[PDB]
Protein chains: 2
Amino acid sequence: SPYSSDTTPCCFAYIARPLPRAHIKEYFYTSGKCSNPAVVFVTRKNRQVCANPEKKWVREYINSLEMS
Amino acid sequence: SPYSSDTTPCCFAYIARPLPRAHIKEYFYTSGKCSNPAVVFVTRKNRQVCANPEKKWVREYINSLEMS
């Protein structure tokens, strides 16, 4: 992008415990304007969380999110 | 902080036009886990925007936000 005036979702920490996919409205990755590329889950309570794609349940949710 | 698993509001761009303080629920600064320290306004539509403190209306809103 050329220019965007909006806060960027940069995640640096990672959660060890998994989250309730049921309460996980949607998620998304983040990088470029950050220190490292990581994932970000979002529940219905506008709650954002940082998760690494090197986990066993993390990639399980992303794959269970974008199905056919 | 020791460790926090949450996306950080890092702003790098800046808006030239001012915003409607009336629709500006609240704002906050951002830095540390970012490239540069900047301000961030938030309207009732959970809309976040990046604003520099070197403007004429920006510091006007922050000062008009935290009054006595």
# chains A, B, ... in the order shown; residues from 1 in each chain; ligands from 1
call {"tool": "select_by_dssp", "arguments": {"residues": "chain B", "states": "alpha helix (DSSP H)", "output": "list in words"}}
result
residues 58, 59, 60, 61, 62, 63, 64 and 65 of chain B
call {"tool": "write_last_selection", "arguments": {"atoms": "N, CA and C atoms", "output": "mmCIF file, in the first residue's frame"}}
result
data_model
loop_
_atom_site.group_PDB
_atom_site.id
_atom_site.type_symbol
_atom_site.label_atom_id
_atom_site.label_comp_id
_atom_site.auth_asym_id
_atom_site.auth_seq_id
_atom_site.Cartn_x
_atom_site.Cartn_y
_atom_site.Cartn_z
ATOM 1 N N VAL B 58 -4.730 18.181 16.367
ATOM 2 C CA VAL B 58 -4.455 16.922 17.116
ATOM 3 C C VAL B 58 -4.269 17.245 18.600
ATOM 4 N N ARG B 59 -3.247 17.986 18.933
ATOM 5 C CA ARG B 59 -3.016 18.335 20.363
ATOM 6 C C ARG B 59 -4.255 19.045 20.913
ATOM 7 N N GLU B 60 -5.048 19.621 20.050
ATOM 8 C CA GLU B 60 -6.273 20.326 20.519
ATOM 9 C C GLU B 60 -7.285 19.300 21.033
ATOM 10 N N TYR B 61 -7.364 18.163 20.395
ATOM 11 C CA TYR B 61 -8.327 17.120 20.847
ATOM 12 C C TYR B 61 -7.798 16.461 22.121
ATOM 13 N N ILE B 62 -6.558 16.054 22.119
ATOM 14 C CA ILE B 62 -5.986 15.408 23.333
ATOM 15 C C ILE B 62 -6.184 16.331 24.535
ATOM 16 N N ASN B 63 -5.858 17.586 24.389
ATOM 17 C CA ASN B 63 -6.031 18.539 25.519
ATOM 18 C C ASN B 63 -7.523 18.699 25.819
ATOM 19 N N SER B 64 -8.350 18.611 24.814
ATOM 20 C CA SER B 64 -9.816 18.754 25.039
ATOM 21 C C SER B 64 -10.388 17.422 25.529
ATOM 22 N N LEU B 65 -9.599 16.383 25.510
ATOM 23 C CA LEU B 65 -10.098 15.058 25.975
ATOM 24 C C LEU B 65 -9.847 14.920 27.478
#
call {"tool": "interface_residues", "arguments": {"of": "chain B", "to": "chain A", "cutoff": "12 Å", "atoms": "only C-alpha atoms", "output": "ChimeraX atom specification"}}
result
/B:1-17,27-42,46-52
call {"tool": "calpha_fit_and_write", "arguments": {"fixed": "chain A", "moving": "chain B", "output": "PDB file with N, CA, C and O atoms, in the first residue's frame"}}
result
ATOM      1  N   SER B   1       0.859  -1.216   0.000  1.00  0.00           N
ATOM      2  CA  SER B   1      -0.001   0.001   0.000  1.00  0.00           C
ATOM      3  C   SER B   1       0.884   1.252   0.001  1.00  0.00           C
ATOM      4  O   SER B   1       2.002   1.218   0.474  1.00  0.00           O
ATOM      5  N   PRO B   2       0.351   2.320  -0.534  1.00  0.00           N
ATOM      6  CA  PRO B   2       1.063   3.607  -0.615  1.00  0.00           C
ATOM      7  C   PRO B   2       1.040   4.317   0.742  1.00  0.00           C
ATOM      8  O   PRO B   2       2.066   4.694   1.274  1.00  0.00           O
ATOM      9  N   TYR B   3      -0.123   4.504   1.305  1.00  0.00           N
ATOM     10  CA  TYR B   3      -0.210   5.190   2.624  1.00  0.00           C
ATOM     11  C   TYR B   3      -1.539   4.838   3.297  1.00  0.00           C
ATOM     12  O   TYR B   3      -2.584   4.867   2.679  1.00  0.00           O
ATOM     13  N   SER B   4      -1.507   4.501   4.557  1.00  0.00           N
ATOM     14  CA  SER B   4      -2.768   4.147   5.266  1.00  0.00           C
ATOM     15  C   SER B   4      -2.727   4.707   6.690  1.00  0.00           C
ATOM     16  O   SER B   4      -1.832   4.414   7.456  1.00  0.00           O
ATOM     17  N   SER B   5      -3.691   5.511   7.049  1.00  0.00           N
ATOM     18  CA  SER B   5      -3.706   6.089   8.422  1.00  0.00           C
ATOM     19  C   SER B   5      -4.548   5.201   9.340  1.00  0.00           C
ATOM     20  O   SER B   5      -5.653   5.545   9.713  1.00  0.00           O
ATOM     21  N   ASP B   6      -4.037   4.058   9.708  1.00  0.00           N
ATOM     22  CA  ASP B   6      -4.809   3.148  10.601  1.00  0.00           C
ATOM     23  C   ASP B   6      -3.839   2.331  11.457  1.00  0.00           C
ATOM     24  O   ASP B   6      -2.763   1.973  11.023  1.00  0.00           O
ATOM     25  N   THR B   7      -4.213   2.030  12.671  1.00  0.00           N
ATOM     26  CA  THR B   7      -3.312   1.236  13.554  1.00  0.00           C
ATOM     27  C   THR B   7      -3.115  -0.159  12.956  1.00  0.00           C
ATOM     28  O   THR B   7      -4.040  -0.766  12.455  1.00  0.00           O
ATOM     29  N   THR B   8      -1.916  -0.673  13.010  1.00  0.00           N
ATOM     30  CA  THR B   8      -1.663  -2.029  12.446  1.00  0.00           C
ATOM     31  C   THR B   8      -1.654  -3.058  13.581  1.00  0.00           C
ATOM     32  O   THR B   8      -1.106  -2.804  14.636  1.00  0.00           O
ATOM     33  N   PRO B   9      -2.260  -4.193  13.335  1.00  0.00           N
ATOM     34  CA  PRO B   9      -2.336  -5.283  14.323  1.00  0.00           C
ATOM     35  C   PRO B   9      -1.011  -6.050  14.369  1.00  0.00           C
ATOM     36  O   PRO B   9      -0.895  -7.134  13.837  1.00  0.00           O
ATOM     37  N   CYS B  10      -0.014  -5.493  14.999  1.00  0.00           N
ATOM     38  CA  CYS B  10       1.300  -6.189  15.073  1.00  0.00           C
ATOM     39  C   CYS B  10       1.366  -7.034  16.347  1.00  0.00           C
ATOM     40  O   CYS B  10       1.247  -6.530  17.446  1.00  0.00           O
ATOM     41  N   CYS B  11       1.556  -8.318  16.207  1.00  0.00           N
ATOM     42  CA  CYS B  11       1.632  -9.195  17.410  1.00  0.00           C
ATOM     43  C   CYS B  11       3.075  -9.663  17.606  1.00  0.00           C
ATOM     44  O   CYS B  11       3.760 -10.005  16.664  1.00  0.00           O
ATOM     45  N   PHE B  12       3.543  -9.678  18.825  1.00  0.00           N
ATOM     46  CA  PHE B  12       4.942 -10.122  19.078  1.00  0.00           C
ATOM     47  C   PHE B  12       4.938 -11.278  20.079  1.00  0.00           C
ATOM     48  O   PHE B  12       5.797 -12.138  20.053  1.00  0.00           O
ATOM     49  N   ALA B  13       3.977 -11.307  20.961  1.00  0.00           N
ATOM     50  CA  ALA B  13       3.918 -12.409  21.963  1.00  0.00           C
ATOM     51  C   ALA B  13       3.087 -13.565  21.403  1.00  0.00           C
ATOM     52  O   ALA B  13       2.485 -13.457  20.353  1.00  0.00           O
ATOM     53  N   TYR B  14       3.049 -14.671  22.094  1.00  0.00           N
ATOM     54  CA  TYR B  14       2.257 -15.833  21.602  1.00  0.00           C
ATOM     55  C   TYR B  14       1.541 -16.497  22.779  1.00  0.00           C
ATOM     56  O   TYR B  14       2.062 -16.569  23.873  1.00  0.00           O
ATOM     57  N   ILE B  15       0.348 -16.982  22.563  1.00  0.00           N
ATOM     58  CA  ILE B  15      -0.398 -17.641  23.671  1.00  0.00           C
ATOM     59  C   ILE B  15      -0.145 -19.149  23.631  1.00  0.00           C
ATOM     60  O   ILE B  15      -0.110 -19.754  22.578  1.00  0.00           O
ATOM     61  N   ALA B  16       0.034 -19.760  24.770  1.00  0.00           N
ATOM     62  CA  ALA B  16       0.286 -21.229  24.795  1.00  0.00           C
ATOM     63  C   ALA B  16      -1.050 -21.976  24.796  1.00  0.00           C
ATOM     64  O   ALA B  16      -1.213 -22.975  24.124  1.00  0.00           O
ATOM     65  N   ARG B  17      -2.007 -21.499  25.542  1.00  0.00           N
ATOM     66  CA  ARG B  17      -3.330 -22.182  25.586  1.00  0.00           C
ATOM     67  C   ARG B  17      -4.142 -21.797  24.345  1.00  0.00           C
ATOM     68  O   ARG B  17      -4.027 -20.693  23.849  1.00  0.00           O
ATOM     69  N   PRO B  18      -4.939 -22.724  23.879  1.00  0.00           N
ATOM     70  CA  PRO B  18      -5.790 -22.518  22.695  1.00  0.00           C
ATOM     71  C   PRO B  18      -7.028 -21.694  23.060  1.00  0.00           C
ATOM     72  O   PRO B  18      -7.264 -21.385  24.210  1.00  0.00           O
ATOM     73  N   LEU B  19      -7.819 -21.335  22.087  1.00  0.00           N
ATOM     74  CA  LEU B  19      -9.041 -20.531  22.373  1.00  0.00           C
ATOM     75  C   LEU B  19     -10.276 -21.287  21.874  1.00  0.00           C
ATOM     76  O   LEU B  19     -10.155 -22.257  21.152  1.00  0.00           O
ATOM     77  N   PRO B  20     -11.429 -20.818  22.275  1.00  0.00           N
ATOM     78  CA  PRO B  20     -12.713 -21.427  21.887  1.00  0.00           C
ATOM     79  C   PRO B  20     -13.079 -21.031  20.454  1.00  0.00           C
ATOM     80  O   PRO B  20     -13.624 -19.973  20.213  1.00  0.00           O
ATOM     81  N   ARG B  21     -12.782 -21.873  19.502  1.00  0.00           N
ATOM     82  CA  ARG B  21     -13.110 -21.545  18.087  1.00  0.00           C
ATOM     83  C   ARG B  21     -14.570 -21.095  17.989  1.00  0.00           C
ATOM     84  O   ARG B  21     -14.922 -20.273  17.166  1.00  0.00           O
ATOM     85  N   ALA B  22     -15.422 -21.624  18.823  1.00  0.00           N
ATOM     86  CA  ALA B  22     -16.856 -21.224  18.774  1.00  0.00           C
ATOM     87  C   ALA B  22     -16.978 -19.723  19.042  1.00  0.00           C
ATOM     88  O   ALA B  22     -17.707 -19.020  18.371  1.00  0.00           O
ATOM     89  N   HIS B  23     -16.270 -19.227  20.019  1.00  0.00           N
ATOM     90  CA  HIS B  23     -16.347 -17.771  20.330  1.00  0.00           C
ATOM     91  C   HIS B  23     -15.327 -17.009  19.480  1.00  0.00           C
ATOM     92  O   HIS B  23     -15.159 -15.813  19.623  1.00  0.00           O
ATOM     93  N   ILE B  24     -14.645 -17.686  18.597  1.00  0.00           N
ATOM     94  CA  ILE B  24     -13.639 -16.993  17.742  1.00  0.00           C
ATOM     95  C   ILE B  24     -14.311 -16.502  16.457  1.00  0.00           C
ATOM     96  O   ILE B  24     -14.338 -17.192  15.457  1.00  0.00           O
ATOM     97  N   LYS B  25     -14.853 -15.316  16.476  1.00  0.00           N
ATOM     98  CA  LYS B  25     -15.519 -14.780  15.256  1.00  0.00           C
ATOM     99  C   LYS B  25     -14.624 -15.018  14.038  1.00  0.00           C
ATOM    100  O   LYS B  25     -14.971 -15.753  13.135  1.00  0.00           O
ATOM    101  N   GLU B  26     -13.474 -14.401  14.006  1.00  0.00           N
ATOM    102  CA  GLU B  26     -12.559 -14.593  12.845  1.00  0.00           C
ATOM    103  C   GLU B  26     -11.132 -14.222  13.253  1.00  0.00           C
ATOM    104  O   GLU B  26     -10.901 -13.686  14.319  1.00  0.00           O
ATOM    105  N   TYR B  27     -10.173 -14.501  12.414  1.00  0.00           N
ATOM    106  CA  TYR B  27      -8.762 -14.164  12.755  1.00  0.00           C
ATOM    107  C   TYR B  27      -8.071 -13.552  11.535  1.00  0.00           C
ATOM    108  O   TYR B  27      -8.699 -13.249  10.539  1.00  0.00           O
ATOM    109  N   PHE B  28      -6.780 -13.371  11.604  1.00  0.00           N
ATOM    110  CA  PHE B  28      -6.047 -12.784  10.447  1.00  0.00           C
ATOM    111  C   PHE B  28      -4.553 -12.719  10.775  1.00  0.00           C
ATOM    112  O   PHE B  28      -4.159 -12.699  11.924  1.00  0.00           O
ATOM    113  N   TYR B  29      -3.717 -12.688   9.773  1.00  0.00           N
ATOM    114  CA  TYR B  29      -2.250 -12.625  10.028  1.00  0.00           C
ATOM    115  C   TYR B  29      -1.805 -11.163  10.105  1.00  0.00           C
ATOM    116  O   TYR B  29      -2.554 -10.258   9.790  1.00  0.00           O
ATOM    117  N   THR B  30      -0.593 -10.924  10.523  1.00  0.00           N
ATOM    118  CA  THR B  30      -0.101  -9.521  10.620  1.00  0.00           C
ATOM    119  C   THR B  30       1.411  -9.492  10.388  1.00  0.00           C
ATOM    120  O   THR B  30       2.135 -10.352  10.850  1.00  0.00           O
ATOM    121  N   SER B  31       1.895  -8.511   9.678  1.00  0.00           N
ATOM    122  CA  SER B  31       3.359  -8.428   9.420  1.00  0.00           C
ATOM    123  C   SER B  31       3.662  -7.178   8.591  1.00  0.00           C
ATOM    124  O   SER B  31       2.828  -6.312   8.428  1.00  0.00           O
ATOM    125  N   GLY B  32       4.854  -7.079   8.067  1.00  0.00           N
ATOM    126  CA  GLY B  32       5.210  -5.885   7.249  1.00  0.00           C
ATOM    127  C   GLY B  32       5.536  -4.712   8.176  1.00  0.00           C
ATOM    128  O   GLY B  32       6.685  -4.384   8.397  1.00  0.00           O
ATOM    129  N   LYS B  33       4.535  -4.078   8.722  1.00  0.00           N
ATOM    130  CA  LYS B  33       4.788  -2.930   9.634  1.00  0.00           C
ATOM    131  C   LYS B  33       4.941  -3.443  11.067  1.00  0.00           C
ATOM    132  O   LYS B  33       4.500  -2.817  12.012  1.00  0.00           O
ATOM    133  N   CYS B  34       5.561  -4.578  11.237  1.00  0.00           N
ATOM    134  CA  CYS B  34       5.740  -5.132  12.607  1.00  0.00           C
ATOM    135  C   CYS B  34       7.138  -5.739  12.738  1.00  0.00           C
ATOM    136  O   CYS B  34       7.943  -5.667  11.831  1.00  0.00           O
ATOM    137  N   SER B  35       7.433  -6.335  13.861  1.00  0.00           N
ATOM    138  CA  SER B  35       8.779  -6.947  14.047  1.00  0.00           C
ATOM    139  C   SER B  35       8.765  -8.380  13.513  1.00  0.00           C
ATOM    140  O   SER B  35       9.746  -8.865  12.985  1.00  0.00           O
ATOM    141  N   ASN B  36       7.660  -9.062  13.644  1.00  0.00           N
ATOM    142  CA  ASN B  36       7.585 -10.463  13.143  1.00  0.00           C
ATOM    143  C   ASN B  36       6.146 -10.775  12.720  1.00  0.00           C
ATOM    144  O   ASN B  36       5.209 -10.237  13.273  1.00  0.00           O
ATOM    145  N   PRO B  37       6.018 -11.640  11.747  1.00  0.00           N
ATOM    146  CA  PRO B  37       4.707 -12.053  11.219  1.00  0.00           C
ATOM    147  C   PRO B  37       4.050 -13.068  12.160  1.00  0.00           C
ATOM    148  O   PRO B  37       4.625 -14.087  12.486  1.00  0.00           O
ATOM    149  N   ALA B  38       2.851 -12.795  12.599  1.00  0.00           N
ATOM    150  CA  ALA B  38       2.164 -13.744  13.520  1.00  0.00           C
ATOM    151  C   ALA B  38       0.667 -13.771  13.205  1.00  0.00           C
ATOM    152  O   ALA B  38       0.180 -13.013  12.390  1.00  0.00           O
ATOM    153  N   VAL B  39      -0.066 -14.639  13.848  1.00  0.00           N
ATOM    154  CA  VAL B  39      -1.531 -14.715  13.587  1.00  0.00           C
ATOM    155  C   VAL B  39      -2.279 -13.916  14.657  1.00  0.00           C
ATOM    156  O   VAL B  39      -1.724 -13.548  15.673  1.00  0.00           O
ATOM    157  N   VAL B  40      -3.536 -13.642  14.435  1.00  0.00           N
ATOM    158  CA  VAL B  40      -4.319 -12.866  15.436  1.00  0.00           C
ATOM    159  C   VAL B  40      -5.765 -13.367  15.447  1.00  0.00           C
ATOM    160  O   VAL B  40      -6.482 -13.244  14.475  1.00  0.00           O
ATOM    161  N   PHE B  41      -6.198 -13.933  16.540  1.00  0.00           N
ATOM    162  CA  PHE B  41      -7.598 -14.440  16.611  1.00  0.00           C
ATOM    163  C   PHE B  41      -8.519 -13.331  17.121  1.00  0.00           C
ATOM    164  O   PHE B  41      -8.096 -12.431  17.820  1.00  0.00           O
ATOM    165  N   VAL B  42      -9.776 -13.387  16.776  1.00  0.00           N
ATOM    166  CA  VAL B  42     -10.724 -12.335  17.239  1.00  0.00           C
ATOM    167  C   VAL B  42     -12.038 -12.991  17.671  1.00  0.00           C
ATOM    168  O   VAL B  42     -12.700 -13.651  16.892  1.00  0.00           O
ATOM    169  N   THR B  43     -12.422 -12.812  18.905  1.00  0.00           N
ATOM    170  CA  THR B  43     -13.691 -13.426  19.387  1.00  0.00           C
ATOM    171  C   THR B  43     -14.850 -12.454  19.157  1.00  0.00           C
ATOM    172  O   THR B  43     -14.676 -11.384  18.606  1.00  0.00           O
ATOM    173  N   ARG B  44     -16.033 -12.815  19.575  1.00  0.00           N
ATOM    174  CA  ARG B  44     -17.201 -11.912  19.380  1.00  0.00           C
ATOM    175  C   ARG B  44     -17.053 -10.682  20.279  1.00  0.00           C
ATOM    176  O   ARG B  44     -17.678  -9.664  20.063  1.00  0.00           O
ATOM    177  N   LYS B  45     -16.229 -10.770  21.288  1.00  0.00           N
ATOM    178  CA  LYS B  45     -16.042  -9.606  22.200  1.00  0.00           C
ATOM    179  C   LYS B  45     -14.918  -8.715  21.666  1.00  0.00           C
ATOM    180  O   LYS B  45     -14.164  -8.134  22.422  1.00  0.00           O
ATOM    181  N   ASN B  46     -14.801  -8.602  20.371  1.00  0.00           N
ATOM    182  CA  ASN B  46     -13.725  -7.748  19.794  1.00  0.00           C
ATOM    183  C   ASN B  46     -12.414  -8.009  20.538  1.00  0.00           C
ATOM    184  O   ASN B  46     -11.564  -7.146  20.637  1.00  0.00           O
ATOM    185  N   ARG B  47     -12.243  -9.191  21.060  1.00  0.00           N
ATOM    186  CA  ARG B  47     -10.985  -9.505  21.796  1.00  0.00           C
ATOM    187  C   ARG B  47      -9.949 -10.064  20.819  1.00  0.00           C
ATOM    188  O   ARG B  47     -10.154 -11.091  20.203  1.00  0.00           O
ATOM    189  N   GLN B  48      -8.837  -9.396  20.674  1.00  0.00           N
ATOM    190  CA  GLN B  48      -7.790  -9.890  19.737  1.00  0.00           C
ATOM    191  C   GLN B  48      -6.703 -10.621  20.527  1.00  0.00           C
ATOM    192  O   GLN B  48      -6.378 -10.255  21.638  1.00  0.00           O
ATOM    193  N   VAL B  49      -6.137 -11.651  19.961  1.00  0.00           N
ATOM    194  CA  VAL B  49      -5.070 -12.404  20.679  1.00  0.00           C
ATOM    195  C   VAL B  49      -3.964 -12.786  19.694  1.00  0.00           C
ATOM    196  O   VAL B  49      -4.209 -12.995  18.523  1.00  0.00           O
ATOM    197  N   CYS B  50      -2.749 -12.877  20.159  1.00  0.00           N
ATOM    198  CA  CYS B  50      -1.629 -13.245  19.247  1.00  0.00           C
ATOM    199  C   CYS B  50      -1.381 -14.752  19.324  1.00  0.00           C
ATOM    200  O   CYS B  50      -1.316 -15.328  20.392  1.00  0.00           O
ATOM    201  N   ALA B  51      -1.240 -15.396  18.198  1.00  0.00           N
ATOM    202  CA  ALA B  51      -0.995 -16.865  18.205  1.00  0.00           C
ATOM    203  C   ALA B  51       0.043 -17.212  17.135  1.00  0.00           C
ATOM    204  O   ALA B  51       0.019 -16.686  16.040  1.00  0.00           O
ATOM    205  N   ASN B  52       0.953 -18.093  17.443  1.00  0.00           N
ATOM    206  CA  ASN B  52       1.991 -18.470  16.442  1.00  0.00           C
ATOM    207  C   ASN B  52       1.487 -19.654  15.609  1.00  0.00           C
ATOM    208  O   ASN B  52       0.786 -20.508  16.113  1.00  0.00           O
ATOM    209  N   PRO B  53       1.862 -19.666  14.354  1.00  0.00           N
ATOM    210  CA  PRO B  53       1.463 -20.732  13.418  1.00  0.00           C
ATOM    211  C   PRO B  53       2.314 -21.985  13.643  1.00  0.00           C
ATOM    212  O   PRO B  53       2.195 -22.963  12.931  1.00  0.00           O
ATOM    213  N   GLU B  54       3.170 -21.964  14.626  1.00  0.00           N
ATOM    214  CA  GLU B  54       4.027 -23.154  14.896  1.00  0.00           C
ATOM    215  C   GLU B  54       3.417 -23.972  16.036  1.00  0.00           C
ATOM    216  O   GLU B  54       4.101 -24.709  16.719  1.00  0.00           O
ATOM    217  N   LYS B  55       2.135 -23.850  16.247  1.00  0.00           N
ATOM    218  CA  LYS B  55       1.484 -24.621  17.343  1.00  0.00           C
ATOM    219  C   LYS B  55       0.755 -25.830  16.751  1.00  0.00           C
ATOM    220  O   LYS B  55       0.858 -26.115  15.574  1.00  0.00           O
ATOM    221  N   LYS B  56       0.018 -26.542  17.559  1.00  0.00           N
ATOM    222  CA  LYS B  56      -0.716 -27.732  17.042  1.00  0.00           C
ATOM    223  C   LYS B  56      -2.197 -27.384  16.881  1.00  0.00           C
ATOM    224  O   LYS B  56      -2.878 -27.904  16.019  1.00  0.00           O
ATOM    225  N   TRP B  57      -2.703 -26.508  17.706  1.00  0.00           N
ATOM    226  CA  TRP B  57      -4.140 -26.128  17.600  1.00  0.00           C
ATOM    227  C   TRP B  57      -4.268 -24.846  16.775  1.00  0.00           C
ATOM    228  O   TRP B  57      -5.270 -24.612  16.129  1.00  0.00           O
ATOM    229  N   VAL B  58      -3.263 -24.016  16.792  1.00  0.00           N
ATOM    230  CA  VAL B  58      -3.330 -22.750  16.006  1.00  0.00           C
ATOM    231  C   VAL B  58      -3.620 -23.078  14.540  1.00  0.00           C
ATOM    232  O   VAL B  58      -4.652 -22.721  14.007  1.00  0.00           O
ATOM    233  N   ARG B  59      -2.718 -23.755  13.883  1.00  0.00           N
ATOM    234  CA  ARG B  59      -2.946 -24.105  12.453  1.00  0.00           C
ATOM    235  C   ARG B  59      -4.249 -24.899  12.332  1.00  0.00           C
ATOM    236  O   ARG B  59      -4.860 -24.954  11.284  1.00  0.00           O
ATOM    237  N   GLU B  60      -4.677 -25.515  13.401  1.00  0.00           N
ATOM    238  CA  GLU B  60      -5.940 -26.303  13.353  1.00  0.00           C
ATOM    239  C   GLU B  60      -7.127 -25.349  13.209  1.00  0.00           C
ATOM    240  O   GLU B  60      -8.089 -25.638  12.526  1.00  0.00           O
ATOM    241  N   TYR B  61      -7.066 -24.212  13.848  1.00  0.00           N
ATOM    242  CA  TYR B  61      -8.189 -23.239  13.748  1.00  0.00           C
ATOM    243  C   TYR B  61      -8.150 -22.562  12.377  1.00  0.00           C
ATOM    244  O   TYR B  61      -9.145 -22.481  11.685  1.00  0.00           O
ATOM    245  N   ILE B  62      -7.007 -22.076  11.977  1.00  0.00           N
ATOM    246  CA  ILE B  62      -6.907 -21.409  10.650  1.00  0.00           C
ATOM    247  C   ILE B  62      -7.428 -22.357   9.569  1.00  0.00           C
ATOM    248  O   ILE B  62      -8.222 -21.981   8.728  1.00  0.00           O
ATOM    249  N   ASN B  63      -6.992 -23.586   9.588  1.00  0.00           N
ATOM    250  CA  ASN B  63      -7.464 -24.562   8.567  1.00  0.00           C
ATOM    251  C   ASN B  63      -8.958 -24.821   8.771  1.00  0.00           C
ATOM    252  O   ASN B  63      -9.691 -25.059   7.831  1.00  0.00           O
ATOM    253  N   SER B  64      -9.414 -24.774   9.993  1.00  0.00           N
ATOM    254  CA  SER B  64     -10.861 -25.014  10.259  1.00  0.00           C
ATOM    255  C   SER B  64     -11.646 -23.727   9.997  1.00  0.00           C
ATOM    256  O   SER B  64     -12.862 -23.718  10.003  1.00  0.00           O
ATOM    257  N   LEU B  65     -10.963 -22.638   9.766  1.00  0.00           N
ATOM    258  CA  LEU B  65     -11.671 -21.354   9.503  1.00  0.00           C
ATOM    259  C   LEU B  65     -11.936 -21.218   8.003  1.00  0.00           C
ATOM    260  O   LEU B  65     -13.062 -21.066   7.573  1.00  0.00           O
ATOM    261  N   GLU B  66     -10.907 -21.269   7.202  1.00  0.00           N
ATOM    262  CA  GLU B  66     -11.102 -21.140   5.730  1.00  0.00           C
ATOM    263  C   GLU B  66     -11.322 -22.528   5.123  1.00  0.00           C
ATOM    264  O   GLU B  66     -10.451 -23.081   4.480  1.00  0.00           O
ATOM    265  N   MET B  67     -12.481 -23.095   5.322  1.00  0.00           N
ATOM    266  CA  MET B  67     -12.756 -24.446   4.755  1.00  0.00           C
ATOM    267  C   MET B  67     -13.078 -24.318   3.265  1.00  0.00           C
ATOM    268  O   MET B  67     -12.825 -23.301   2.649  1.00  0.00           O
ATOM    269  N   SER B  68     -13.632 -25.344   2.678  1.00  0.00           N
ATOM    270  CA  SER B  68     -13.969 -25.282   1.229  1.00  0.00           C
ATOM    271  C   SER B  68     -14.626 -23.935   0.915  1.00  0.00           C
ATOM    272  O   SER B  68     -15.296 -23.409   1.788  1.00  0.00           O
TER     273      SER B  68
END
call {"tool": "select_by_dssp", "arguments": {"residues": "region 14-50 of chain A", "states": "strand (DSSP E or B)", "output": "ChimeraX atom specification"}}
result
/A:26-30,38-42,48-50
call {"tool": "write_last_selection", "arguments": {"atoms": "C-alpha atoms", "output": "short mmCIF file (atom, residue, chain, number, x, y, z; two decimals), in the first residue's frame"}}
result
data_model
loop_
_atom_site.label_atom_id
_atom_site.label_comp_id
_atom_site.auth_asym_id
_atom_site.auth_seq_id
_atom_site.Cartn_x
_atom_site.Cartn_y
_atom_site.Cartn_z
CA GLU A 26 -12.56 -14.59 12.85
CA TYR A 27 -8.76 -14.16 12.76
CA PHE A 28 -6.05 -12.78 10.45
CA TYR A 29 -2.25 -12.63 10.03
CA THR A 30 -0.10 -9.52 10.62
CA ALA A 38 2.16 -13.74 13.52
CA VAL A 39 -1.53 -14.71 13.59
CA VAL A 40 -4.32 -12.87 15.44
CA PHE A 41 -7.60 -14.44 16.61
CA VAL A 42 -10.72 -12.34 17.24
CA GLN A 48 -7.79 -9.89 19.74
CA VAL A 49 -5.07 -12.40 20.68
CA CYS A 50 -1.63 -13.24 19.25
#
